[PDB]
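**Q**
There are 4 protein chains.
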Amino acid sequence: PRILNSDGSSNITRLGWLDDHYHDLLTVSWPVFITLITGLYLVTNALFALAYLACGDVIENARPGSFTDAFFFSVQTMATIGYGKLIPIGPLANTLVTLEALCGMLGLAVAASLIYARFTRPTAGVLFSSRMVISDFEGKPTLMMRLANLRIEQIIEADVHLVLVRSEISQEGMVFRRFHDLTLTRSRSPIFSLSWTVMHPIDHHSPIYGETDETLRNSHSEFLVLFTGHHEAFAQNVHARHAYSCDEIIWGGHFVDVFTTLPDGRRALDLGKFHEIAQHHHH
Amino acid sequence: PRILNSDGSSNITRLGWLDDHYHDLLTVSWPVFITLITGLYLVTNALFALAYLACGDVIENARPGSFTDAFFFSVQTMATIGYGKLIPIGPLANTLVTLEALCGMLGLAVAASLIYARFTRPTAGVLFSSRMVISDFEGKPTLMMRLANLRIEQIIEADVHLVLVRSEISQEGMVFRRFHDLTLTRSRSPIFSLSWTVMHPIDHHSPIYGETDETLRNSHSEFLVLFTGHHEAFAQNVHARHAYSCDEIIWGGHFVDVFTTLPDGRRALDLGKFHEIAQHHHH
Amino acid sequence: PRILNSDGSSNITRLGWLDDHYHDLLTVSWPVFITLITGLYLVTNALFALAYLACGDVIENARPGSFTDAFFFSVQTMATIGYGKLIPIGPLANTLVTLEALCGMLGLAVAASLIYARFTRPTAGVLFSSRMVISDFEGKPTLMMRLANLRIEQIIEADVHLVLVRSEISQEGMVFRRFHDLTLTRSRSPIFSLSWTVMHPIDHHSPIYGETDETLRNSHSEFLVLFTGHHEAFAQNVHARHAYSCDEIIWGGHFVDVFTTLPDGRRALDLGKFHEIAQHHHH
Amino acid sequence: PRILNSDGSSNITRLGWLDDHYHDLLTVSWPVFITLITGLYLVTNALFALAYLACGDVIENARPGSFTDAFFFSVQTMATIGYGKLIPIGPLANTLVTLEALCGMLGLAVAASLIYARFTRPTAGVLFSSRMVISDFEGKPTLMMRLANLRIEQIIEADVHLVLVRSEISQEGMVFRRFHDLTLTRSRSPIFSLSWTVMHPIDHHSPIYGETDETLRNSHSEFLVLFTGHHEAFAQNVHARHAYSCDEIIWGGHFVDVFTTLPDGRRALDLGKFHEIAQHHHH
Ligand SMILES: [Cl-]
Ligand SMILES: [Cl-]
Ligand SMILES: [Cl-]
Ligand SMILES: [Cl-]
Ligand SMILES: [K+]
Ligand SMILES: [K+]
Ligand SMILES: [K+]
Ligand SMILES: [K+]
Ligand SMILES: [K+]
Ligand SMILES: [K+]
């Protein structure tokens with residue numbers, strides 16, 4: 012019954033047409049988006065066609081009062097194919113022409129931006145260790161997890177937040193969900209390129225100080241990770257979030273190592289070991 | 012007589033043609049913007065038409081020395097419909113043609129950017145509690161208000177500023193308007209997704225320490241909120257501002273709660289309670 | 012003989033073809049940029065024309081082996097006007113056609129981006145007080161200057177740096193130019209909308225502590241201001257820089273005030289007073 | 012056998033089709049990218065051609081059941097040249113027409129964004145001193161290197177990180193690679209315009225305190241520099257990274273100076289001296 016999902020998205024039921037047009041257009045599925053555009057496209061040409069007929073027989077080589085002919089003329093006109101069978105006749109016909117044109121291009125201009133707006137979304141090639149571990153490092157127990165960059169490109173000024181979320185009681189006795197950002201021994205990495213093992217020493221300042229497993233379940237406490245950085249691949253900012261539950265903390269565990277020396281004598285990164293955590297079993 | 016409006020825009024009278037072209041183009045209303053473009057469009061084609069006539073009878077199937085014909089030819093040419101009745105004749109005619117073309121496309125290129133520039137403005141789906149409240153939390157009186165995200169998408173590295181604005185006297189006795197940023201118990205939220213109740217503990221460091229209501233009215237003091245964050249919906253930064261007056265502070269009040277358990281046993285968010293503030297009435 | 016100009020640009024002589037293509041294209045003057053594009057345009061069509069002739073007489077209604085005809089055909093083809101007199105003949109002709117097309121549009125795609133890239137540059141509507149002043153505020157002498165927003169739109173999370181630049185001697189006796197960022201009583205303004213008077217208290221920590229005018233000239237010291245913020249007008253970041261010389265510091269001066277009450281009883285901002293500094297003359 | 016290359020890219024062997037489409041399209045070489053586009057272009061027209069034939073003899077002046085004719089018609093249609101020899105016949109023909117059109121433009125819209133996305137990548141005109149030096153400045157030994165801006169345009173809010181990377185042993189005896197950000201006497205430069213000499217004083221807090229050369233080789237320690245700032249040229253953010261090995265530290269060295277006075281009496285910047293480091297040789 013987790014508040015937060017693994018993908019880091021909160022797991023709550025929300026209780027609440034043309035209002036949010038721009039968001040909606042970027043939020044819709046490509047199929048749908050394309051449909052909408054299409055609809056709009058067809059629609060407007062039909063409207064234009066009517067405008068033509070409305071004048072009456074103003075297009076060369078058009079079957080008299082036939083909408084199809086007018087419609088297809090309108091497309092050839094608005095897409096500026098301008099084949100040349102169907103042609104404007106008289107001032108009214110042409111004005112509508114020079115109006116459509118502009119309309120068509122403006123539409124392109126609007127379509128483009130939408131396309132580009134929806135199209136240009138990078139994704140940090142970042143992978144999160146499936147588990148966290150609590151274990152002694154440099155003489156203090158430390159909570160850690162680790163990120164691996166999945167692409168050859170590097171992430172610049174990358175940095176990460178480790179946030180504990182759990183239920184608390186106020187002195188006034190208000191029982192709420194609170195967020196604690198957890199001090200990391202290293203929160204910035206100006207050049208993230210291969211793997212980064214993030215650590216929160218646990219000492220008298222850690223909100224998880226002197227806490228066992230049972231105490232963690234008890235406050236229904238989870239751990240939220242936000243990673244962000246500027247990706248050289250996209251020359252644009254990227255982010256990635258992940259969440260862990262009390263039970264994905266492997267106490268006493270140690271992340272295995274991912275840095276190897278090849279037979280060749282060349283250093284390497286093995287991402288098979290990435291999710292592997294060493295453990296002592298005491299019968 | 013408030014200095015700051017609810018929308019957060021300052022409420023002052025300012026005392027001050034082609035100077036600010038780019039701003040103006042992004043600032044104008046869509047109707048107007050479209051008009052301007054249109055004007056420009058029509059205009060330039062007329063100019064081009066004249067260029068054609070100026071050569072004299074250089075277009076196939078054009079009524080001799082008729083501007084309409086030339087004009088419409090110019091559009092068919094510049095929009096590149098190129099129907100094919102009206103056609104260039106001779107070097108002069110065509111050079112103008114190949115010039116227009118380029119002109120037309122450049123215009124498209126310019127129109128597009130404007131369109132996209134004006135079109136691509138997101139808006140944080142963020143809603144501000146209509147009121148603030150001053151009340152004891154964890155043993156210190158605290159000023160608070162709260163934000164609710166209005167969309168399913170999440171806001172990353174969101175953060176908020178609570179700024180007190182009020183009149184002060186210098187030792188030198190200059191009576192000015194000063195801004196005090198108010199320390200919040202939590203000013204960053206790397207993953208804002210549902211509701212956030214922001215708090216400024218009031219203690220010996222709060223510029224509103226040991227201040228009653230009467231003292232607040234007296235310094236004609238308001239409270240300004242700036243929220244900002246990176247919206248996953250738009251993959252782009254968003255912001256939202258709000259302002260409160262001395263009298264929108266509900267002393268002793270407590271925001272009601274918006275987190276519920278459904279019959280289903282599924283957690284939920286009710287935004288009807290969002291503006292509701294509990295209060296003790298003592299006859 | 013100032014190191015830094017008023018516009019904030021350093022005032023030094025630098026001592027140092034296709035190398036920096038992208039920068040150069042955004043850096044060139046519009047006239048030039050347009051020329052380049054034009055050149056490129058004409059050029060490529062000529063090349064294409066030759067390709068056509070090279071096949072030999074492959075265009076309907078083209079004077080045999082005439083470059084003009086081929087050239088103009090090439091434009092009508094690459095701009096996709098496609099009038100219809102000149103037409104491809106045979107596989108070779110048309111392949112070149114379908115190649116040009118694509119070429120043309122790609123060019124548009126490239127032109128557009130350049131245009132948009134160069135076109136979309138906002139400018140903070142920000143005006144800098146022509147002078148600084150050193151005067152007592154709240155019981156410490158303070159260096160100040162002030163910014164006024166020149167537009168109705170607001171600047172968000174605006175902030176400013178006041179940097180002293182002057183010559184110094186190391187213990188080792190290296191005589192260099194050093195930069196001192198000067199602590200401001202207020203360095204962030206989350207919502208900058210009208211005027212902001214920036215202040216650097218001078219106390220035992222100010223690098224300009226117990227410094228007279230003569231001492232300032234002596235270190236050939238200037239003051240550099242960088243302002244930056246997110247402009248609502250453009251929904252994009254803006255910046256502005258300014259520089260002051262030792263002699264634009266008006267000692268004992270006080271900026272006059274720009275906030276007024278109208279006859280109407282409505283508050284206002286007068287930017288005529290903006291550059292005016294009060295002063296005591298002692299015969 | 013360096014972990015980090017001079018260009019700042021880590022020097023490790025990584026061990027790991034349509035999966036990463038967007039990255040891949042921005043990552044591919046221009047030749048390849050253009051090819052892909054071309055392929056896609058040709059391909060789709062062929063598909064469309066088949067659609068036409070499939071209806072059977074629906075294009076004016078087309079050799080019966082000939083794919084070439086159909087293909088070339090399809091291009092003239094999708095690029096909207098619309099010459100006018102080949103023309104649609106009947107509802108089926110034209111519907112396909114009005115479909116292609118839209119398709120073509122959408123493709124343009126998609127191509128454009130890619131182009132612009134890949135095209136609009138600035139590069140900080142920044143040059144890194146080929147060496148570092150350790151030498152006494154203001155009475156403490158200091159590690160330094162220096163950056164020179166290579167262009168007339170200025171970089172705003174520029175800042176730099178000096179990161180030591182070397183092997184360490186935990187109390188628990190885990191022998192890992194750790195990153196130490198090194199405190200710089202000056203880490204921000206709001207207006208970087210000519211040269212900046214960055215310094216890390218070495219004192220009891222420097223992770224390189226009381227370290228000789230032999231000790232540096234021994235921890236196989238390198239130094240990584242990340243520079244970033246907002247480039248006025250591009251009105252966009254830029255970055256640059258560099259790395260140094262233990263042996264590119266010139267102990268006792270002093271960077272020569274690059275600031276000169278011309279015969280004219282005008283100040284100047286000489287970038288020939290930029291890589292030159294003074295040194296005392298003691299036989
Ligand atoms: Cl076990
Ligand atoms: Cl009451
Ligand atoms: Cl005087
Ligand atoms: Cl030697
Ligand atoms: K066309
Ligand atoms: K077009
Ligand atoms: K056409
Ligand atoms: K035609
Ligand atoms: K664009
Ligand atoms: K952009």
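Chains as they are written, first to last, in the deposited numbering: chain A, 12 to 27, 33 to 299; chain B, 12 to 27, 33 to 299; chain C, 12 to 27, 33 to 299; chain D, 12 to 27, 33 to 299.
Ideal Cβ positions, reconstructed from N, Cα and C, are used throughout, including at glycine.
(1) Roughly how many whole angstroms lie between the Cα atoms of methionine 190 of chain C and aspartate 18 of chain D?
(2) Examine ligand 2 and report whether any of its heavy atoms sits within less than 8 Å of the Cβ of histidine 196 of chain A.
(3) Going along chain C in order, which residues have a C-beta closer than 8 Å to the C-beta of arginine 137 of chain B?
(4) Return helix, strand or coil for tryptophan 33 of chain C, following the three-state DSSP convention.
(5) Examine ligand 8 and report whether any of its heavy atoms sits within less than 8 Å of the Cβ of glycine 98 of chain B.
(6) Nearest CA to the CA of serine 209 of chain D: which residue from D/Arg162, D/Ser21 and D/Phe192?
(7) Mapping DSSP to helix, strand and coil, what is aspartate 85 of chain C?
(8) Residues of the segment 87-104 of chain B with a CB closer than 9 Å to any CB of chain D: list them in chain order, please.
(9) Between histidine 297 of chain C and ligand 3, is the CB less than 8 Å from at least one heavy atom?
(10) Is any heavy atom of ligand 6 found at a distance shorter than 8 Å from the C-beta of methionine 121 of chain A?
(11) Just confirm the distance between the C-beta atoms of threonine 114 of chain B and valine 91 of chain C, as a whole number of angstroms; I'd bet it's less than 8 Å.
(12) Report the residue ranges of all alpha helix (DSSP H) runs contained in full by the segment 41-124 of chain B; include only those spanning at least 4 residues, in chain order.
(13) 9 Å is my cut-off, CB to CB: does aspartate 152 of chain B come that close to chain A?
(14) When you compare each of A/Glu292, A/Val179, A/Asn234 and A/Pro217 to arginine 257 of chain A by their alpha carbons, which one comes out closest?
(15) Would the segment 123-133 of chain B count as touching the segment 126-135 of chain A if we require 3 or more Cβ pairs under 8 Å?
(16) Taking the beta carbon of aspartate 219 of chain A as the centre, do at least 16 other beta carbons fall within 10 Å, making it buried, or is it exposed?
(17) Got a sec: is the Cβ-Cβ distance from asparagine 61 of chain B to anything in chain A below 9 Å?
(18) Taking only beta-carbon atoms, is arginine 283 of chain A less than 9 Å away from chain D?
(19) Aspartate 286 of chain B touches chain A at which residues, Cβ-Cβ below 8 Å?
(20) Excluding the five sequence neighbours on either side, which residues of its own chain have a C-beta within less than 6 Å of the C-beta of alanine 284 of chain A, listed in chain order?
(21) What does the Cβ neighbour count give for residue 349 of chain A, buried or exposed, with the cut at 16 atoms within 10 Å?
(22) Taking a contact to mean a Cβ-Cβ separation below 9 Å, would you say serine 203 of chain C touches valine 176 of chain C in this structure?
(23) Among the candidates A/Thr199, A/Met94 and A/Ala62, whose CA atom is the shortest distance from the CA of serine 222 of chain A?
(24) Return yes when at least one heavy atom of ligand 9 lies under 8 Å from the C-beta of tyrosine 38 of chain C, else no.
(25) Which of the three DSSP states, helix, strand or coil, is assigned to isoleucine 207 of chain D?
(26) Can you tell me whether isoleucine 185 of chain D is buried or exposed, with buried defined as 16 or more other CB within 10 angstroms of its CB?
(27) Roughly how many whole angstroms lie between the Cα atoms of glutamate 292 of chain A and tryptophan 46 of chain D?
(28) Leaving out the 5 sequence neighbours to the left and right, which residues in its chain are closer than 7 Å to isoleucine 172 of chain B when beta-carbon positions are compared?
(29) Quick one: is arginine 282 of chain D buried, meaning 16 or more other Cβ sit within 10 Å of its Cβ, or exposed?
(30) Thinking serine 235 of chain A and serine 183 of chain A are a contact (beta carbons under 8 Å), I'd like their distance in whole angstroms, please.
(31) Using DSSP's beta-bridge definition, name the partner residues of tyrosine 260 of chain D.
(32) Find the residues of chain C that neighbour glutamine 295 of chain D, judging by a C-beta separation of less than 8 Å, and give them in chain order.
(33) For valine 126 of chain B, return the contacting residues in chain G, with the cut-off set at a CB-CB distance below 8 Å.
(34) Is the separation between the beta-carbon of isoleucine 75 of chain B and that of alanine 62 of chain B shorter than 9 Å?
(35) Compute every distance between the C-beta of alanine 251 of chain B and the non-hydrogen atoms of ligand 9, then say whether any falls below 8 Å.
(36) Check the Cβ of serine 261 of chain A against every Cβ in chain B and list those closer than 9 Å, keeping chain order.
**A** Reading it off the structure:
(1) Locating residue 190 of chain C in the third sequence gives position 174, where the first residue counts as 1. Locating residue 18 of chain D in the fourth sequence gives position 7, where the first residue counts as 1. Rounded to the nearest angstrom, the two C-alpha atoms are 31 Å apart.
(2) Along the first sequence, read from residue 1 onward, the residue named residue 196 of chain A stands at position 180. Ligand 2 has no heavy atom closer than 8 Å to the beta-carbon of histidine 196 of chain A.
(3) Looking up residue 137 of chain B in the second sequence gives position 121. Going along chain C in sequence order, the residues near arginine 137 of chain B (Cβ under 8 Å) are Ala251.
(4) Along the third sequence, one-based indexing puts residue 33 of chain C at 17. Under the three-state reduction of DSSP output, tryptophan 33 of chain C falls in the coil class, being neither helix nor strand.
(5) For this step, residue 98 of chain B is matched to residue 82 along the second sequence. A distance criterion of 8 Å places the beta-carbon of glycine 98 of chain B in contact range of ligand 8, judged by its closest non-hydrogen atom.
(6) Walking along the fourth sequence from the start, residue 209 of chain D turns up at place 193. With distances taken between CA atoms, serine 209 of chain D lies nearest to D/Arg162 out of D/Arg162, D/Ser21 and D/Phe192.
(7) If you number the third sequence from 1, residue 85 of chain C lands on position 69. Reduced to three states, the DSSP call for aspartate 85 of chain C is helix.
(8) Residues passing the 9 Å Cβ filter: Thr96, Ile97, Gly98, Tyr99 and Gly100.
(9) The residue given as residue 297 of chain C occupies position 281 in the third sequence. Checking every heavy atom of ligand 3 against the Cβ of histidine 297 of chain C, one is found closer than 8 Å.
(10) Looking up residue 121 of chain A in the first sequence gives position 105. Answer for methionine 121 of chain A: yes, Cβ within range of ligand 6.
(11) Here residue 114 of chain B refers to the residue found at position 98 of the second sequence. Here residue 91 of chain C refers to the residue found at position 75 of the third sequence. Yes, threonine 114 of chain B and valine 91 of chain C are in contact; Cβ-Cβ is about 4 Å, under 8 Å.
(12) Counting only runs of 4 or more, we get 46-71 and 83-94.
(13) The sequence position of residue 152 of chain B within the second sequence is 136, counting from 1. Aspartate 152 of chain B counts as touching chain A.
(14) As a position in the first sequence, residue 257 of chain A is number 241, starting the count at 1. Nearest Cα to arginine 257 of chain A within the set A/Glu292, A/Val179, A/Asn234 and A/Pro217: A/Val179.
(15) The segment 123-133 of chain B vs the segment 126-135 of chain A: in contact.
(16) The residue labelled residue 219 of chain A in the question sits at position 203 within the first sequence. Its Cβ having fewer than 16 others within 10 Å, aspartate 219 of chain A is exposed.
(17) For the purposes of this step, residue 61 of chain B is taken as the residue at position 45 of the second sequence. Chain A, which has a Cβ nearer than 9 Å to the Cβ of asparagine 61 of chain B, makes this yes.
(18) To locate residue 283 of chain A, count along the first sequence from 1; it is residue 267. Closer than 9 Å: yes.
(19) Position 270 of the second sequence, counting from 1, holds the residue named residue 286 of chain B. For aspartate 286 of chain B, the residues of chain A that pass the 8 Å Cβ criterion are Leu26, in the order they occur in the chain.
(20) The count along the first sequence starts at 1 and reaches residue 284 of chain A at position 268. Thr276 and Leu278.
(21) What the structure shows of chain A is the stretch from 12 to 299, and residue 349 of chain A is not part of that stretch, so it cannot be assessed.
(22) Translated into the one-based positions of the third sequence, residue 203 of chain C becomes position 187. Translated into the one-based positions of the third sequence, residue 176 of chain C becomes position 160. A contact, by the Cβ cut-off of 9 Å.
(23) Taking the first sequence and counting its residues from 1, one reaches residue 222 of chain A at position 206. It is A/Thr199.
(24) Translated into positions along the third sequence, residue 38 of chain C becomes position 22. Flag unset: Cβ of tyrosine 38 of chain C not near ligand 9.
(25) Translated into the one-based positions of the fourth sequence, residue 207 of chain D becomes position 191. Strand, per DSSP.
(26) Along the fourth sequence, read from residue 1 onward, the residue named residue 185 of chain D stands at position 169. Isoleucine 185 of chain D is exposed by the Cβ-count criterion.
(27) If you number the first sequence from 1, residue 292 of chain A lands on position 276. If you number the fourth sequence from 1, residue 46 of chain D lands on position 30. Distance between the alpha carbons of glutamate 292 of chain A and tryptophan 46 of chain D: 40 Å.
(28) Here the question's residue 172 of chain B lines up with position 156 in the second sequence. Result list for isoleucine 172 of chain B: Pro206, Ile207, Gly245, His246 and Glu248, in chain order.
(29) As a working note, residue 282 of chain D is residue 266 in the fourth sequence. The residue is exposed, with fewer than 16 neighbouring Cβ atoms inside 10 Å.
(30) Taking the first residue of the first sequence as 1, we reach residue 235 of chain A at position 219. Taking the first residue of the first sequence as 1, we reach residue 183 of chain A at position 167. Confirmed, about 5 Å.
(31) As a position in the fourth sequence, residue 260 of chain D is number 244, starting the count at 1. DSSP, once it has assigned bridges, lists D/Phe239 as partnering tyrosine 260 of chain D.
(32) On the fourth sequence, position 279 is the one that residue 295 of chain D refers to. Neighbours of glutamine 295 of chain D in chain C, taken as residues at a C-beta separation under 8 Å, are lacking, since the least C-beta distance is about 15 Å.
(33) Protein chains A, B, C and D are contained in the structure displayed, whereas chain G is not.
(34) Here the question's residue 75 of chain B lines up with position 59 in the second sequence. Here the question's residue 62 of chain B lines up with position 46 in the second sequence. Taking 9 Å as the Cβ cut-off, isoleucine 75 of chain B and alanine 62 of chain B do not qualify as a contacting pair.
(35) Residue numbering aside, residue 251 of chain B sits at position 235 when the second sequence is read from its first letter. No, the beta carbon of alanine 251 of chain B sits no closer than 8 Å to any heavy atom of ligand 9.
(36) Here the question's residue 261 of chain A lines up with position 245 in the first sequence. Per Cβ cutoff of 9 Å: no residues; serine 261 of chain A is ~15 Å from chain B at best.
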